[PDB]
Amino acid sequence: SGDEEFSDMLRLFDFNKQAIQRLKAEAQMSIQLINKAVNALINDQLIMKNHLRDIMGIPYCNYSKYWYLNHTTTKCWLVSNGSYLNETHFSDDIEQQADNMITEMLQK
């Protein structure tokens, strides 16, 4: 393609790429705030469960819980030590893949 056509399409491309990256970063920030808040809720709730005599008899759900869980998606405690949320990190691989892609287009 002509170089001016390629420059224009490349500019529109860059624009949408930057918008995607912006949304990616903003969503990741808000999700991390939610993760911190939820993990704090879990911490305090576990302390409460460990110190409240009226609920000291209630066990933590065993593995079958995941299908007990499947009523709403498809007793006992669902929140446990292993309920904390990991860090959410969106991938950036496709960006460098684009860079390499149009680099080879500009060298071929």
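Quick note: we count residues from 1 along the sequence shown, nothing fancier.
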Worksheet entry | Interresidue gap class [residue 74, residue 75; deposited sequence, unmodelled] | 4 to 9
Worksheet, complete the sentence: Mean Cα B-factor check, 11-19 vs 87-95, entry values; winner is 87-95
Practice prompt. Read off the CA B-factors in the entry, average them over 29-37 and over 56-64, and name the higher stretch.
Written response: 56-64
Worksheet item: Between 50, 80, 43, 70, which one tops the list for C-alpha B-factor in the PDB entry?
Response: 70
